[PDB]
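*Asks:* An experimental structure, sequence included, is below.
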Amino acid sequence: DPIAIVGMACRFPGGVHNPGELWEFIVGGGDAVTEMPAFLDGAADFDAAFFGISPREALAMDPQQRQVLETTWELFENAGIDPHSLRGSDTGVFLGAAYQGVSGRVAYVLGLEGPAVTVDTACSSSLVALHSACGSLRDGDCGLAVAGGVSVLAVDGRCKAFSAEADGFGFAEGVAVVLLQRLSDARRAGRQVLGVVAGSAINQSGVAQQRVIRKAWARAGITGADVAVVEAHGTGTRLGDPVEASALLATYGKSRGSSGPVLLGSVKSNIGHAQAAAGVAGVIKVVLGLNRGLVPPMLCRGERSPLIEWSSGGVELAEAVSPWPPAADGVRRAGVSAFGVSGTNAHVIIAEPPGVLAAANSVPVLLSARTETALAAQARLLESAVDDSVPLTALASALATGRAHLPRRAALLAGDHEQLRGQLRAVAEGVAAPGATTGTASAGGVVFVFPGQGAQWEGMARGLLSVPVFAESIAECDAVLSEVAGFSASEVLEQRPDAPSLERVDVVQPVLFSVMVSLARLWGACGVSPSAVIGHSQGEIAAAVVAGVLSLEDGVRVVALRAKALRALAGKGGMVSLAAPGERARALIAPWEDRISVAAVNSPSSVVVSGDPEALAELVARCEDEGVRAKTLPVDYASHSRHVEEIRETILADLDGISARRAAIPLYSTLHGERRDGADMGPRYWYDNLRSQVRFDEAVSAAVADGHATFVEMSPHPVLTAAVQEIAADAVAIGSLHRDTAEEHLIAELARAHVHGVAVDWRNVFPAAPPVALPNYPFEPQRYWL
Amino acid sequence: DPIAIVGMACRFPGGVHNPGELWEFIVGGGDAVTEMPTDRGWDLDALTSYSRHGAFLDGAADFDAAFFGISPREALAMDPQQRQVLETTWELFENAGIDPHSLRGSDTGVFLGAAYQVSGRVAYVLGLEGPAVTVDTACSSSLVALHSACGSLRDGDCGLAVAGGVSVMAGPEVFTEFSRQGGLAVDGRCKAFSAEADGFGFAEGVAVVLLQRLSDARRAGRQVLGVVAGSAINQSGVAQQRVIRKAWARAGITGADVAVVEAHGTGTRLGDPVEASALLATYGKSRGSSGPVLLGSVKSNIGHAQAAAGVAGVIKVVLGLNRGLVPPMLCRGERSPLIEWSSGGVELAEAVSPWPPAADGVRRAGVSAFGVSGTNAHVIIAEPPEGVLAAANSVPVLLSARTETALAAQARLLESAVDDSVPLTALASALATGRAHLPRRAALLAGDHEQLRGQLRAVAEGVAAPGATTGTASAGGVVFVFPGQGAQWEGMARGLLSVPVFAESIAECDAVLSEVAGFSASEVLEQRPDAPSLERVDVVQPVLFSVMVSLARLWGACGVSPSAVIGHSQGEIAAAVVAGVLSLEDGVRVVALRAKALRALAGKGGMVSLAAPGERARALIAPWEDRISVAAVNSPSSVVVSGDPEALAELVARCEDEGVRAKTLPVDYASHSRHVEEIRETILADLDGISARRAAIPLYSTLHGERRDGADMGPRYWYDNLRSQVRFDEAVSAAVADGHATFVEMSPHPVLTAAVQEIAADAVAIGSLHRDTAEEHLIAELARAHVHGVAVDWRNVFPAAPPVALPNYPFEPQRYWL
């Protein structure tokens, strides 16, 4: 069960911020040595806040810790792993370092509960850490290990590797880490396999170098013609480079035949002798090469060292890029060597590696930082890699499934690349733009709102009927709604030609239910289950089911039989919307105190009266005189009025046999402006809910009174999001569908709930994508140095 | 069916403002003749008249046009005659003890006499729908006006008549005209039957009497002051003898049946002997053992009241008849010797004497009045033939007025006006039933005479005093609030138990409450030793219900019936029956059985009052969203929450931290909370069978904060009232939304009167009883309801009283003169 590389990250002098930037800094770039403060730019720069570290503790912190800390985050961004997801995993940390003025705090700061080791590199070298990393894994001592090293004599400062003027090494600062994982686990988690650690060996002189080298091969199973390249320890010292050359010559440079001579390189020629980082660096250099199918070159100076016996077989330097030939078995391979001054030697063999965003047309691409400064910087860093090789699903799935979700968040909804450059450019300056919502994460539960009539439209949620979770419940309604009413909800919703009309109350209302409880199930799917439900008129029967109070068989019987018994009030009644408080409301209908009821108080600015048609006409006439906005509603029945008393006897007889039962979830009854247990919500409740007033902003006030501050509305159109904001200023209201934008509004609202801190299961929203290259977090750098 | 005089009023010079004041004036022998007034803008210099004298009304110019709804521009256009009759026709109704307001749209006639120096205007201003006649240019007499009045009433052409006459010499042209004709006295005195009789002197005056068929005046319990036994008119002494003999002829008497004669007595040289001669020929003859007839002309005292003289003289004889004393003349010199005094028995009435009855026992008299027209008239005036409140120990004496000014004036008046002599039930009953209740009102509660003077003197300066409500009347009906828990005290309403209306409902309650609960509400209320204890929930509530229905039937009897009801928790059961929804028997069954059921929550919960809005208390109890319910919203600053006790103590601790006055109610059960769901299936089983019915009165439900037709208030309602919130200040503000502004509360101690005012700052809340001042409080509040425009049936409050002398409304004078 091979060990798979699945991430890489690195930092080296001369401005090498990532594995990608090291390759373009090698092929044709890089001699990063010069004077004092090869040195890391901003090695004292650390983002203490980002990790939760005090300024007092961060200069009490070895810059080696700090720099590993950031670039281990980088590693995780690069493997597409949410660091937060790893808190409390069995995740090894294997690093190497030595005093100059450690895995324990990295594994702490990051909440990792795997083994943390810090191999002393004054003794060993970075390849020992990888050797141990790979041992944990195949032993089961963990399920994902970080492996690398960090570091905070030739007189020109340069390592002249395998060159006649090699006269001592130049010592460089640097970080270099990779992320590892048993292969069958890597693809089971759908990970980018960048390559395999085929074989590894360590021991403790030219004979020893040969033995560890044939030792490696023994564990990989390979021979030395099966490798094409060697990343050598090449430190540039007078007798050092002869020894290793001899021992590659004895080893790689024989038994090749049809396979041509091995190519020799030491990255230290380019970056310097990264002490505790140069080993894994050496690995990173190799890995970049295996995927490009190219031999990384070396920076050669002067001629070959004459102290070396190049004639003795096939091993010559790699000065310029070249194609990487596979081994006879078609696996491109390399070998990496590193030798501590202690006497520790190691050689390792790197072998090449073997919902329904449907329904809408935009895609939510998500960003998140810990400070608005960095969100704006993340926002610029993302014009960068938009357009060809990268679709938008692929890109967006990377940013939602791979990134940790931080405080200040941002969701750009796009359906083409060019539109999305503009949105990110906008957030680059805190400027608004279409599809571009910025926000700030706020934990806590979510309250699901179930409005009543007034939302509906012909063809609502027709797009969702192809979404397997939405259709599945629309099917379950169907079975009973045909049972009580001899029609299905899918008829009406597919708009079948012979389907009953949404103009009928006893049709539209059950159609609304099924849409409403299925949007609930749909949001469940996308990872969002409610912590409390607020119903509105008929809405409450949907609430009653989401909250467990009634079976869906019973909840159908109710909105059906009650809306069918409701037909008798059609053509005799009406309703009227008023923008005035409920106080001024009952002032204004006082002249027609009979005939006209107050049917619902929705918010300090919204009231619905219901009653007799002529009386409503004289009422609105008054309203316009007294200059208050009013609006006759498109109904011909006065719901929540003396009119309903007519059907009380029958309602109670049709609903007889229902089973109300204790609410699985807090339900705030709008009959009562108050949480009611649920076991009493039987026949008489559905009478008394229809006859009496909907105390909406009483329950929204009761819930808000209890800390709830996130509401999500299961409605084909947003009708009470305005109301909730008017009750609770500081609340946040989300709807689902929307006549005009049908399903596009929905994924947008999904994005927007996330942005405010709702926990969305993006892992099921998005299909499986190819990998894509996203920049790293822009750390805010405050310099700590003593 | 005889014609009864039921009221009198007059207004004569020399400060005679009422009847009794004239009778004081002549017995002291006043002579109301003065010099002639210059404030009327007369060319007195040129003036021409030889008599520089006369008898003029003090401030004839004055008038309270406000009080009658007449504009200051109309008032100056109003003949003073018409004003002075209006003010005095008001007084007449006051004296008669008749609410003028109640006579609008009545067939009440006006028969008046006057001449240029009017009955239909007085009729119009007062809303009188009877005959109106003005006996034209009173060249006959105010007695022709009376003669026609008595004729209508005989003819069934009306059922109350006003008769009399008014005189105000705006100009001196009747001093010029009779100065030519030579028939004026130079000193302005009418020296009647006197040797010095040298002509007459003219007089200003208003005089009126209120006439009613005796059968009716008695079936209206009026003060019969005297009777018009007969009258006659026609066209010389031989004339005067006919009109006299015919007056007796429809009176059914002879002249000895009469003891007194009020004569025309103008004091003219020619006139006196003619009438003396005719009276010698009539009442002088055929007396025997009856003694001579006694002769007066009131013009001796007040002058020739012209259009007003005819009934002036009738008032004088009515004064004497009821005092049983012959009024005196003012005599001057010795008898006219042009008068054959020798010819039989007529002597002058020189001073008071006992008034003798006729053979048949009836004092009588005769009044003459002869016009210059030649229209003569002679009338015969016969003397006339033949619960609650207990439970308190004060009595409400009311006052009312058109302006604040008047009400202070009315208070001064009334303080002297009637004390020590006469019971305050007699006085409070005459100020309550006998007057037009006006806008600016004031009730004064008192149980002794010297307190009533103190209160009375207090409102005379608009300062405060114990027992003394003032206010301002506000039209419209009344909502009956019915509170519940908290009210009760021990012995509550023991006083009213003997009040026969109140006692009858408690006996009604008793019947069924004993039938379903094994105890009488009376038991507990009589404080019997056997009685179950008011500490129990299943007793305190039925018993409170009974006190609540009864308080309401009592207010019914006192006149006051609810326009709309508002119960509170259990209070809604009382309102249910008061409003028609439930029979009294089902209402008891509901309050009995619910409170029995509520017993298994006793000792498991508690409730707690917070001085804070509902939205605050919702937030405050947030940490205990369970175990604690909001049980009541009573006002923008009063909530009651109920639930688990421990939960509440922690909440009480929370409120102490945030400076939010709270308080743990004397209750050990947590109603209108999750706690009740325990007994729901039992309530619904117990109450099954009761019978809701469309409310006969509008019921605002506290469950719903809104009016509910009431036919769906069967068992389920009585669970959901108990389990769910009490939305009081919702229901109140719904009724306030519907124009109500007066709430009176059928409770044993005022509890929600304070809420009600919080909800509506301008509303008015009345309570019934009060621990401390039990039945005393109810009368004080029944007055207080009246002060604010509530319509009380005072006639049934007060028992049957003797008449009383109440001062006249103090009209507030503007002068109007051209």
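*Replies:* Nice, thanks for sending it over. Residues are numbered from 1 along each chain as shown, chains lettered A, B, ... in the order given.

*Asks:* Pick out the residue of the stretch 151-300 of chain A closest to chain B.
*Replies:* Proximity to chain B, evaluated over the stretch 151-300 of chain A using CB to the nearest CB, is greatest for residue A:189 at 42.2 Å. (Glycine included, C-beta is placed from N, CA and C.)

*Asks:* who are the neighbours in contact with that residue?
*Replies:* Residue A:189 sits next to residue A:181 when contact means CB atoms under 8 Å, 6 or more residues apart in numbering or on different chains.

*Asks:* Next one: it from residue A:111, what distance?
*Replies:* 19 Å (CB to CB, to the nearest Å).

*Asks:* Likewise for residue A:148?
*Replies:* According to CB to CB, residue A:148 and residue A:111 sit 19 Å apart.

*Asks:* Between those two, point out the one with more neighbours.
*Replies:* More neighbours surround residue A:148 than the other of residue A:148 and residue A:111, with 34 against 13 (other CB atoms under 10 Å in any protein chain shown).

*Asks:* mind listing what the nearest residue to that one once chain neighbours are set aside touches?
*Replies:* Nearest residue to residue A:148, sequence neighbours excluded (CB to CB, 6 or more residues apart in numbering or on different chains): residue A:177, at 3.0 Å. The contact partners of residue A:177, by CB under 8 Å, 6+ apart, come to A:8-10, A:68, A:71-72, A:75, A:95, A:146-149, A:280.

*Asks:* Residue A:177: what secondary structure?
*Replies:* strand (DSSP: H, G, I helix; E, B strand; the rest coil).

*Asks:* my guess is residue A:756 contacts residue A:438, does it?
*Replies:* No. Counting by CB atoms under 8 Å, residue A:756 sits too far from residue A:438 to count as a contact (10.5 Å).

*Asks:* between the two, what contacts are shared?
*Replies:* residue A:409.

*Asks:* What residues does chain A have near chain B?
*Replies:* Residues of chain A lying near chain B by CB under 8 Å from any CB of the partner chain: A:583, A:586-587, A:590, A:593, A:597-598, A:642, A:645, A:648, A:672-675, A:677, A:679-680, A:684, A:688, A:692-693, A:701-702, A:705-707.

*Asks:* from these, which ones fall inside helices?
*Replies:* A:583, A:586-587, A:648, A:684, A:688, A:701-702 (DSSP state H).

*Asks:* Same list as before, these that is, but in TSV and with neighbour count and distance to residue A:258 included.
*Replies:* Converted to TSV, these look like this (neighbours: other CB atoms under 10 Å in any protein chain shown; distance: CB to CB, whole Å):
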residue	neighbour count	distance to residue A:258
A:583	13	96
A:586	24	98
A:587	16	100
A:648	17	96
A:684	17	91
A:688	21	91
A:701	21	83
A:702	26	82
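
*Asks:* Quickly name whichever of those is closest to chain B.
*Replies:* Nearest member of these to chain B, counting by CB to the nearest CB, is residue A:586, at 4.5 Å.

*Asks:* Name the nearest residue to the closest one, sequence neighbours excluded.
*Replies:* Per CB to CB, 6+ apart, closest to residue A:586 is residue B:737, 4.5 Å.

*Asks:* name the element residue A:618 belongs to?
*Replies:* Element membership for residue A:618 (DSSP states H and E) is helix A:613-625.

*Asks:* Counting by contacts, list what that helix packs against.
*Replies:* Helix A:613-625 is packed against strand A:574-578, helix A:582-588, strand A:596-603, strand A:630-632, with contacts defined by 3 or more CB pairs under 8 Å, 6 or more residues apart in numbering or on different chains; DSSP states H and E.

*Asks:* Wait, residue A:579 touches residue A:608, no?
*Replies:* No. Residue A:579 lies out of contact with residue A:608 (CB under 8 Å); the separation is 11.1 Å.

*Asks:* So those two - more neighbours on which side?
*Replies:* Neighbours were counted for residue A:579 and for residue A:608 using other CB under 10 Å; residue A:608 has more, 25 against 14.

*Asks:* so that one bridges to which residues?
*Replies:* residue A:577, residue A:600 (DSSP bridges).

*Asks:* can you pull the contacts of it?
*Replies:* Contacts of residue A:608 by CB under 8 Å, 6+ apart are A:575-578, A:598-600, A:602, A:633, A:640, A:694.

*Asks:* Outline the domain layout of chain A.
*Replies:* For chain A, curated CATH domains gives the domain ranges A:3-351, A:363-440, A:447-756.

*Asks:* and the second one, how far out from the chain's middle?
*Replies:* Relative to its chain's centre, domain A:363-440 lies at 12 Å (CA atoms, centre = their mean, to the nearest Å).

*Asks:* Quickly name whichever of the contacts of residue A:177 is closest to chain B.
*Replies:* So of the contacts of residue A:177, ranked by how close each gets to chain B (CB to the nearest CB), first place is residue A:72, at 42.8 Å.

*Asks:* ok, that closest one touching residue A:106?
*Replies:* Yes. At 6.1 Å, residue A:72 counts as touching residue A:106 under the criterion of CB under 8 Å.

*Asks:* Which neighbours do these two have in common?
*Replies:* By CB under 8 Å, 6+ apart, the residues touching both residue A:72 and residue A:106 are A:93, A:146.

*Asks:* The two - which one has more neighbours?
*Replies:* Using other CB under 10 Å, the more surrounded residue of residue A:72 and residue A:106 is residue A:72, with 26 against 21.
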